[PDB]
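Participant: So that we are looking at the same thing, I have put the structure below in structure tokens.
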Amino acid sequence: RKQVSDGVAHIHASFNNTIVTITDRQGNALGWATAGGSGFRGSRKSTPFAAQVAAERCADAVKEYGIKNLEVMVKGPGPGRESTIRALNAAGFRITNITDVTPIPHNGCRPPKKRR
Amino acid sequence: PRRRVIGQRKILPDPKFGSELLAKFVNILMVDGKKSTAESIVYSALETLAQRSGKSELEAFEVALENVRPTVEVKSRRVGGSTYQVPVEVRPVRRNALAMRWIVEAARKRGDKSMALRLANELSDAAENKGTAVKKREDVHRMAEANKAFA
Amino acid sequence: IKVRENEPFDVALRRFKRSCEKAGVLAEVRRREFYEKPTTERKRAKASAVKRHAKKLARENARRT
Amino acid sequence: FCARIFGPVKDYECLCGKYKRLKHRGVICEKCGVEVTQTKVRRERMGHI
RNA sequence: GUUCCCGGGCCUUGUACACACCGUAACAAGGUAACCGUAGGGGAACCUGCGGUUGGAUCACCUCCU
RNA sequence: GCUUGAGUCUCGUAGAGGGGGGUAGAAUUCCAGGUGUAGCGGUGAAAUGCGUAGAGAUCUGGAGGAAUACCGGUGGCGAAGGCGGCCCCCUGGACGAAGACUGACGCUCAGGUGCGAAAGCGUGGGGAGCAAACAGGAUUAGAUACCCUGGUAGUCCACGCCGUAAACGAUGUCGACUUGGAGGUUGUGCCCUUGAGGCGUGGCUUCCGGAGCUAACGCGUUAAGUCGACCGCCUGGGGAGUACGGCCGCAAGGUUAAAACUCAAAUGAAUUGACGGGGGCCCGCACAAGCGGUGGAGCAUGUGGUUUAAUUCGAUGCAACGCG
């Protein structure tokens, strides 16, 4: 469907979760894959092996669409960012270009808080 | 033990063939220190295995040794903190210290007849790829390929 | 930011991304502000930054080992 | 091309650079014997094997 | 072979200890670093938010370029 | 009367210095629309909540709100506190080449006046994020405590009040004097700034050291070294930097600031041990690879317990149990 070749795989790795959301350049999403939606609940989601399983659940659900020269738009340098882009280049994809499109804030608003 | 980089020592060669592969197999097949009593048995065993195989008393032992000699022995040598086995290519001197150890463990199992005959069975089985001898060698090899990503 | 290279890769090549910041601004906009913190830890960091140069001055005059 | 086998790369100049003093004469680099003398004499440095 | 495990030694870091390791909030990084100032609150220690300082601890490993 | 003191002008630079207003862009909460899934979130773990009323995720348009990654430098400004986009106007303070002068016009303090982070509150507006009181699930014998999801006060703009601190390089202030190095930051004069510099002079700040001080660590031209001028504070700890009173405040309190009694020390620097679920190296069959055993079985021996007319006593983690 959609007659798309430019599968824009938005790989966002928060901290304990690798949620990849394949879409179109327009925004017409195709679906997703996650290190937590495949299992691995715990410090296991924190591992890129789960992110590897993630890039595979994302390697599928596109065999009805047909992405070939795909664009890897990464944001969220958490658990993924490594064995996820490499998993796509190992899943049979000719990535035209891996993009690190990070519209970083100047820390305008105030962010959450963690480990104390 | 923290310093040894020493190899192997000397053993008395076999009083028949110029093969010390056979000479090590006797010291391992013996028990309670009786090597004379044990050596004459290796002879009455090596004959009937070669007799049931198809060749001579020396190649029917080396060709029957390749079917029971691994290449890998996986050992516990970690780099991080997880528990995994590392495929370790072993030295050629220990490779025999793997083959002529299970063949002995074969001569002490399988209640057939005399020792020279039960052994004559298990290595003749190895000569045709079967039995418990060659069986454990298969199992170690399987321990290798399942852990070959950790390098 | 954007790596391409038409054909000689056989690899992802995200080395300029890490050579940009990567965790640089991750570690700065992910948790509570706490305005003063960096200042103090750059303190221990700076004194230990002069310490290796103090080790450079500690290797040039003697070391007759 | 060695200072320990022959001599100072430059006039009273050690191999490692432990002696960048054109006053230092005789004192060797304690790592490897570099007796500091004029590098020009290395047009007369005779060694052996 | 020293990376696993039991005991031992040397060097080193640290202590409001040297009588010598109802609830843990400080002393090892006490496994949540400390104290002052302010408002409020809870059986109570103290905690939460904001500002400052050093009367605080290791910068040792695991993957990549010369 | 004269000048090495204070001070100003001619000629210039830099800056999270302050003040009023306006504006650019990203992210976030949320709203509408197309696509689309059953998980998102979180922690050592679980869970509250949301979900076919379609969340999280993606692209476009957008209104409140607070704050400026990278430039960032034990760097800069200032009495101090404190303070990081840009522009317009206003403007204080610091410093320098070469001259012109009154001629010590200089320093500081009780009563007094002014600034005062953040917070409390009154008032005209506000609420994205975080989040006192509190609610749910857990760690737990217990939670009003580490954690997460919500949430009133506060946070912000403008005017004021109580007028407080580790308001601390803990180093009061004006000034003169006292071998150097690595520097950093901002100007200036001289020589060809041919050139990334050489020789001097001021402000602020960091490290190692001599003189000297010191309990010691160390400070060390920004001093804790040497003097003069001015003020505050201390007489062992606790009581207590607190009650009440003068003065002040709508509220929370603030400033000046004690006693009875008891104890016989309170405190600081600096070291060697004790311990460490802190780091490094090394030794022994500790372990890796194998051989034989106790425990299931038989004989001899021993201890506790039990019992008996009595079935000596001792040892009774490793180091007692074929030991006496």
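Here's how to read the names in the structure tokens: chain A, B, ... by the order shown, residue numbers from 1 in each chain, ligand numbers from 1 in the order shown.
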Near chain F, meaning an atom within 7 Å, which residues of chain A appear when counting only C-alpha atoms (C1' of nucleotides)? Write them as a list in words.

Facilitator: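 Filtering chain A at 7 Å from chain F with only C-alpha atoms (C1' of nucleotides) gives residues 21, 23, 26, 27, 28, 29, 30, 31, 32, 37, 103, 104, 105, 106, 107, 108, 109, 110 and 111 of chain A.
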
Participant: For the selection just defined, write its residues with N, CA, C and O atoms to a file, as a short mmCIF file (atom, residue, chain, number, x, y, z; two decimals), in the first residue's frame.

Facilitator:
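Output saved as again_14.cif:
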```cif
data_model
loop_
_atom_site.label_atom_id
_atom_site.label_comp_id
_atom_site.auth_asym_id
_atom_site.auth_seq_id
_atom_site.Cartn_x
_atom_site.Cartn_y
_atom_site.Cartn_z
N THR A 21 9.31 3.63 14.59
CA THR A 21 8.05 3.85 13.88
C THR A 21 8.25 4.21 12.41
O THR A 21 8.53 5.36 12.07
N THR A 23 7.39 5.24 8.78
CA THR A 23 6.37 6.13 8.23
C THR A 23 6.73 6.51 6.80
O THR A 23 7.54 5.84 6.15
N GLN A 26 5.72 12.02 4.18
CA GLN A 26 4.55 12.85 4.44
C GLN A 26 4.06 12.66 5.88
O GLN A 26 3.47 13.57 6.47
N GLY A 27 4.31 11.48 6.43
CA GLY A 27 3.89 11.17 7.79
C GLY A 27 2.98 9.96 7.85
O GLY A 27 2.62 9.51 8.93
N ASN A 28 2.60 9.45 6.68
CA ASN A 28 1.73 8.28 6.61
C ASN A 28 2.45 7.07 7.19
O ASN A 28 3.19 6.39 6.49
N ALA A 29 2.23 6.83 8.48
CA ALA A 29 2.86 5.71 9.18
C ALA A 29 2.49 4.35 8.61
O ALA A 29 1.42 4.18 8.02
N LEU A 30 3.39 3.38 8.79
CA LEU A 30 3.18 2.03 8.30
C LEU A 30 3.02 1.07 9.49
O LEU A 30 2.45 -0.01 9.35
N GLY A 31 3.52 1.49 10.65
CA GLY A 31 3.42 0.66 11.84
C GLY A 31 4.68 0.76 12.67
O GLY A 31 5.53 1.61 12.39
N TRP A 32 4.82 -0.10 13.68
CA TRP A 32 6.02 -0.05 14.51
C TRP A 32 6.56 -1.38 15.05
O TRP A 32 6.02 -2.46 14.78
N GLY A 37 7.68 -4.49 23.15
CA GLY A 37 6.48 -5.09 22.59
C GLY A 37 6.76 -6.50 22.10
O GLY A 37 5.86 -7.20 21.63
N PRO A 103 16.58 17.76 16.43
CA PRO A 103 16.23 19.17 16.62
C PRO A 103 16.36 19.44 18.12
O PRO A 103 15.37 19.64 18.83
N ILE A 104 17.61 19.42 18.59
CA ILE A 104 17.95 19.62 19.99
C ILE A 104 17.43 20.93 20.56
O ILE A 104 17.53 21.98 19.92
N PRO A 105 16.87 20.89 21.77
CA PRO A 105 16.37 22.12 22.38
C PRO A 105 17.54 22.88 22.99
O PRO A 105 18.62 22.32 23.18
N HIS A 106 17.34 24.16 23.26
CA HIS A 106 18.37 24.98 23.88
C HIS A 106 18.02 24.89 25.36
O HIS A 106 18.40 25.74 26.16
N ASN A 107 17.27 23.84 25.69
CA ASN A 107 16.81 23.61 27.05
C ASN A 107 15.95 24.83 27.41
O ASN A 107 16.26 25.56 28.35
N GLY A 108 14.90 25.04 26.62
CA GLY A 108 14.00 26.15 26.86
C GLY A 108 13.09 25.82 28.02
O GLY A 108 13.06 26.53 29.03
N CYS A 109 12.33 24.74 27.88
CA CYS A 109 11.43 24.30 28.93
C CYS A 109 12.27 23.54 29.94
O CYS A 109 13.48 23.38 29.77
N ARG A 110 11.62 23.06 31.00
CA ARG A 110 12.32 22.29 32.03
C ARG A 110 12.00 20.81 31.82
O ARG A 110 10.84 20.43 31.71
N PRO A 111 13.04 19.97 31.75
CA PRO A 111 12.81 18.54 31.54
C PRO A 111 12.52 17.79 32.85
O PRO A 111 12.57 18.37 33.93
#
```

Participant: How close does chain C get to chain D? List, as a Markdown table, each residue of chain C within 10 Å, its nearest atom pair and the distance in Å to one decimal, counting only C-alpha atoms.

Facilitator:
```
| residue | atom | partner | partner_atom | distance |
| --- | --- | --- | --- | --- |
| C:60 | CA | D:18 | CA | 7.3 |
| C:61 | CA | D:18 | CA | 8.1 |
| C:62 | CA | D:18 | CA | 9.4 |
| C:63 | CA | D:30 | CA | 9.4 |
| C:64 | CA | D:30 | CA | 6.6 |
| C:65 | CA | D:31 | CA | 8.3 |
```

Participant: Emit the selected residues as a short mmCIF file (atom, residue, chain, number, x, y, z; two decimals), in the first residue's frame, including N, CA, C and O atoms.

Facilitator:
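Output below, filename out.cif:
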```cif
data_model
loop_
_atom_site.label_atom_id
_atom_site.label_comp_id
_atom_site.auth_asym_id
_atom_site.auth_seq_id
_atom_site.Cartn_x
_atom_site.Cartn_y
_atom_site.Cartn_z
N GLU C 60 59.58 14.11 33.03
CA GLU C 60 60.68 14.76 32.31
C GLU C 60 61.99 15.00 33.07
O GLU C 60 63.06 15.00 32.46
N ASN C 61 61.91 15.21 34.38
CA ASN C 61 63.10 15.51 35.18
C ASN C 61 63.91 14.35 35.76
O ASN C 61 65.11 14.49 35.99
N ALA C 62 63.27 13.21 36.02
CA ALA C 62 64.00 12.09 36.59
C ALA C 62 63.67 10.75 35.93
O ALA C 62 64.04 10.51 34.78
N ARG C 63 62.97 9.89 36.67
CA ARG C 63 62.58 8.57 36.18
C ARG C 63 63.80 7.72 35.81
O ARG C 63 63.80 7.03 34.80
N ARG C 64 64.84 7.80 36.63
CA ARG C 64 66.05 7.00 36.40
C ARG C 64 65.78 5.61 36.98
O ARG C 64 66.48 5.15 37.88
N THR C 65 64.74 4.96 36.45
CA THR C 65 64.33 3.63 36.89
C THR C 65 64.99 2.56 36.03
O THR C 65 65.73 2.95 35.11
#
```

Participant: Taking only C-alpha atoms (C1' of nucleotides) into account and nothing else, which residues of chain A lie no more than 12 Å away from chain E? Please answer as a PDB file with C-alpha atoms, in the first residue's frame.

Facilitator:
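Now in selection_17.pdb:
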```pdb
ATOM      1  CA  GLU A  82      23.829   0.942  17.663  1.00  0.00           C
ATOM      2  CA  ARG A 115      18.552   9.063  39.395  1.00  0.00           C
ATOM      3  CA  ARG A 116      19.115  10.790  42.754  1.00  0.00           C
TER       4      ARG A 116
END
```

Participant: From the options F:207, F:275, F:159, F:270, which residue's atoms come nearest to residue 46 (chain C), counting only C-alpha atoms (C1' of nucleotides)?

Facilitator: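 When distances to residue 46 (chain C) are compared using only C-alpha atoms (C1' of nucleotides), the smallest one comes from F:207.
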
Participant: Let's see if you can do this: from backbone DSSP, list all strand (DSSP E) residues in region 19-108 of chain A, as a ChimeraX atom specification.

Facilitator: /A:19-23,31-34,69-77,94-99
